[PDB]
Structures are given as structure tokens and as C-alpha cells.
Amino acid sequence: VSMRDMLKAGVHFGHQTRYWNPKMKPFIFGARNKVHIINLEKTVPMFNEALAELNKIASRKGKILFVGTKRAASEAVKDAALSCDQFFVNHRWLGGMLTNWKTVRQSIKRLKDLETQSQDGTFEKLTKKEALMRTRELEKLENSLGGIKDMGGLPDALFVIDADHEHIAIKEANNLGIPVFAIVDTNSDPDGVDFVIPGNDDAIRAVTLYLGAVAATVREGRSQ
RNA sequence: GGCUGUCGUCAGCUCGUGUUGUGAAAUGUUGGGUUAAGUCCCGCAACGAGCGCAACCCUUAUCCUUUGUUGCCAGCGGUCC
Ligand SMILES: [Mg+2]
Ligand SMILES: [Mg+2]
Ligand SMILES: [Mg+2]
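Scoring rules and cut-offs
- As presented, residues are numbered from 1 along each chain according to the written sequence, a scheme that may differ from that of the entry, and residues lacking coordinates are left out.
- Think of it this way: whatever chain is written first is A, whatever ligand is written first is 1, and the rest follow in order.
- In this entry, the chains presented are a subset of a larger assembly, and the associated values cover only that subset.
- Hydrogens and water molecules were not included; the side-chain quantities draw on all heavy atoms of the structure.
- The patches reported here contain residues having more than 30% relative accessible area and no salt bridge. Joining distances are 9 Å for like charges and 5 Å for nonpolar side chains (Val, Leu, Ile, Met, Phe, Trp, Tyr).
- Areas reported here follow the Shrake-Rupley algorithm with a probe of radius 1.4 Å; residue values treat only the protein chains shown as occluding.
- The salt bridge definition used is simple: a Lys or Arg side-chain nitrogen within 4 Å of an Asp or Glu carboxyl oxygen.
- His residues and chain termini do not enter the charge count, which takes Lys and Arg as positive and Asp and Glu as negative.
- Taken as the charge centre is NZ of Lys, CZ of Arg, CG of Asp or CD of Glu, depending on the residue.
- Strands are runs of DSSP state E lasting at least 2 residues, helices are runs of H or I lasting at least 4, and numbering of each runs from the N terminus.
- Two strands are counted as paired when DSSP detects at least two bridges linking them.
- Every angle, taken between N-to-C directions, lies between 0 and 180 degrees, and every axis is a line fitted to C-alpha atoms, over only the stretch in contact when it is a helix.
- For the exposure calls, accessible area comes from a 1.4 Å probe over protein chains only, and a residue counts as buried if that area is under 20% of its type's maximum, exposed if over 50%, partly exposed in between.
- Whether two residues are in contact is decided by their heavy atoms, any of which lying within 4.5 Å being enough.
- Cavities and pockets are defined on a 1 Å grid built over the protein atoms alone: a cavity is a set of grid points where a 1.4 Å probe fits but cannot escape, while a pocket is an open set with protein on both sides within 12 Å along at least five of seven lines, and lining residues are those with an atom within 4 Å of any such point.
- Grid points are joined across faces, edges and corners, and a volume is the space filled by probe spheres set on the points.
- Side-chain classes are defined by residue name, with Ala, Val, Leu, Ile, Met, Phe, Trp, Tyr, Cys and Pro counting as nonpolar, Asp, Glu, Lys and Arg as charged, and the others, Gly among them, as polar.

- Going by the header, the method for this PDB entry is cryo-EM, and the resolution given is 2.8 Å.

Put into C-alpha cells, the structure is as follows:
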């Protein structure tokens, strides 16, 4: 990827000076109208090694999971993962789903059972007293954990948009030695993650081109 | 030992894994509505489960089907009535 399209998306535009984390001193260019301007000359090579490691680990059948719960980016990341032969999560991250996988897999199994019940021609013999509420439980639970139903294991890498808002997940990432690739703007902590690509994390355009670059990266990785 | 009263038919009482704290412990069980109810919905470092609440049990109030004795007498005939 080149600087032109990411500049078009608005990567330089960031947050004001009242909410800047001093942990990212070299990740800044200057101040322009009471809002920080994120440096772009030092963000493309790091993104290059990030993509290189991503496709290197994807070429080895390395499953990765996509995290994003912003209301302006849930559908975009969901579609990117769907077209990116990987897994995704949209709603609130169930705390400890990694460190307590042996309990979440039971919910996965009961989701499969209820899915079979739904597509089994069975939800009509009920006396209209539980079918509707069971259906409601179905869409709630598929919105919750229906994106990793067939995942059946642990990831090798992990990719997050707007790392700060999903800090919880990153913690469980560091509890198990899973490398993390994430993008942090001017109000995040760059110590808990070893793959930093500074940029905006609020515009739909930003997440779209980031997901497109990730998708192309896994395309070229899988052809090895 | 067994059996019984009481708080009180009050709505509460706990467990597994995870996370937080040096620790006794906490969360889950907090918050906004709502109900007789820890009843339900939304949110949420919690995800699930159990005993409790409710339901399944008995009786009373309406209708239908099966049968008419020692129970019944609308329609007929007779009658010491
Ligand atoms: Mg401890
Ligand atoms: Mg002690
Ligand atoms: Mg407690």
C-alpha cells in the first residue's frame, strides 16, 4: 500500500491535545488547530512488516480472528472476514472467551443444536408458547457468538481495529503468547501490543482500506 | 436417631471456570425500566449451573360425549291420587 490512498482516507487526522497519551512520543508529527497530526512517514514501513508477518503466518494455515465493535465498522469488518476466509466478532467481546474457552465451546454446541432445531422443521409443533422466545434467543446468541461457530480452537495471530476500545481482549491475548496486530491512534497504549500502525480509528474509509489491504495480504499469502 | 414448632410461603441462598486484590475477600447477584416473585427485557469482566418463585397435583364455577339403578318423570294411557 502507498501513502496516497491512506492520506485520502484521513489517516493523519486524529484527536485533540487534551487526550494524548505521552507513551507515543515518536508517533506524532505536529499540532494543527488544537488537534494532533499523526506522522505518516513513519507508519508505512511498520505496516509493511505487519502485513509481511500476517501473510507469513496465514500461509501456514494460521487462523486469525477479527475484532471490532464500533457501530460504524461492525458490518465492514464482518464482510471483510467473510470474504477473507477467517472469523469475526461484532457485538461486545464476552470477557475471558479465550481464557475460558472450555465453557464457551458448550455455548457453541448448544448454538449448533438450536440451529439444527431451527432448520429441522420442528418449530411449529410447539403450542406457540416457546417458539417465539426460542427464536429470539437464537438471534441474540448468534449476534453474540455466531461468528466463530465453526472455528473450533485457538488462533495463532490476532488483529484488532481501535485496540484501546477492545483492551480487554488484548489482555487475554498477552496471557497466552498470541502475537497481536492492531492500530492505535493518539489516545491508546502502545506497550501491550508489539505491532503498531498509527492512524485514525473512527472513519469508515480507514477501516475499509485497512481491511482491503489485509484481505489482499492473505490472498497473496495463501498462494504459497 | 427419628419426628415437630418458629422466623416465614419471607424471596432469597449457593457452586464450576475466568478475572481483580499481598491477603481476609470481590464480581457474577451491580445499573435503567417492570412484576406477587433473583419475574421478565436492555445494558455490562464475566461466562454457565443448582436449590428456591412459577408450572405439573386436588377441589369448586360452564359446556359435550357413554350408561340409566335403589336415581329421574317432559311427553302418553290408567289411577285408592
Ligand atoms: Mg490472586
Ligand atoms: Mg491468608
Ligand atoms: Mg456476594
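On we go from here.
So, a negative patch on the surface
Working step 1: A surface patch of negative charge is lined by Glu 115, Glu 137, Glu 139 and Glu 142.
Working step 2: Locating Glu 137 in the fold gives a position in helix α5 (residues 131–145).

Some remarks on the sheet that holds strand β1 (residues 13–16)
Working step 1: Taken in spatial order, the three strands line up as β1-β3-β2 in an open sheet, and their pairing is antiparallel. The outermost strands of the open sheet, each flanked by one partner alone, are β1 and β2 (30–32). With strand direction ignored, the average angle separating the axes of adjacent strands in the sheet is 40 degrees.
Working step 2: When β2 meets strand β3 (residues 35–37), the two strands line up antiparallel, connected through three bridges. Looking at the pairing, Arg 32 lines up with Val 35 of β3.

Observations regarding the environment of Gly 95
Working step 1: Within the fold, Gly 95 resides in the loop between β5 (87–89) and α4 (101–118).
Working step 2: C-alpha separation for the pair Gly 95 and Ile 161, spaced 66 residues apart in sequence, amounts to 17 Å.

Brief notes about unusual backbone geometry
Working step 1: Positive phi is not limited to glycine here, since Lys 34 has a value of about 55 degrees.
Working step 2: With respect to the helices, strands and loops of the structure, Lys 34 is situated in the loop between β2 and β3.
Working step 3: One non-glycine residue, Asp 85, lies in the positive phi region at around 35 degrees.
Working step 4: Secondary-structure assignment places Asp 85 in the loop between α3 (74–82) and β5.
Working step 5: Here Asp 85 falls in the partly exposed class, since its relative accessible area comes to 38%.

Points about the sheet that holds strand β6 (residues 158–161)
Working step 1: Taken in spatial order, the four strands of this open sheet run β5-β4-β6-β7, and their pairing is parallel. Looking at the sheet topology across the chains shown, the edges are occupied by β5 and β7 (180–183). Looking at each pair of strands side by side, their axes are set apart by 20 degrees on average, direction ignored.
Working step 2: Here three bridges tie strand β4 (residues 65–67) to β5, and the two strands are oriented parallel to one another. Bridging across to β5, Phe 66 finds its partner in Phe 88.
Working step 3: Packing of α3 onto the sheet brings it into contact with β4 and β5, and relative to β5 it is tilted by some 165 degrees.

Digging into empty space enclosed by the protein
Working step 1: Following the criterion strictly, the structure yields three cavities of 30 Å³ or more and no others.
Working step 2: Every residue lining the largest cavity is listed: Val 1, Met 6, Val 11, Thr 43, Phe 47, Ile 197, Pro 198, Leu 209, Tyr 210 and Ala 213.
Working step 3: Take the lining of the largest cavity: its biggest share by element is three residues, from helix α7 (residues 204–222).
Working step 4: Across the lining of the largest cavity, the residue classes break down as nine nonpolar, one polar and no charged.
Working step 5: The volume enclosed by the second largest cavity comes to roughly 40 Å³.

Looking at the layout of surface pockets
Empty space among the atoms becomes visible once a probe the size of a water molecule is rolled across them.
Working step 1: One number sums up the size of the largest pocket: a volume of about 380 Å³.
Working step 2: If you go around the largest pocket, you meet 22 residues; those closest to its centre are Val 89, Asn 90, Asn 143, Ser 144 and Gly 147.
Working step 3: Residue assignment for the lining of the largest pocket shows that the elements contributing at least two residues are α3, β5 and α5.
Working step 4: The residue makeup of the lining of the largest pocket, split by class, is ten nonpolar, seven polar and five charged.

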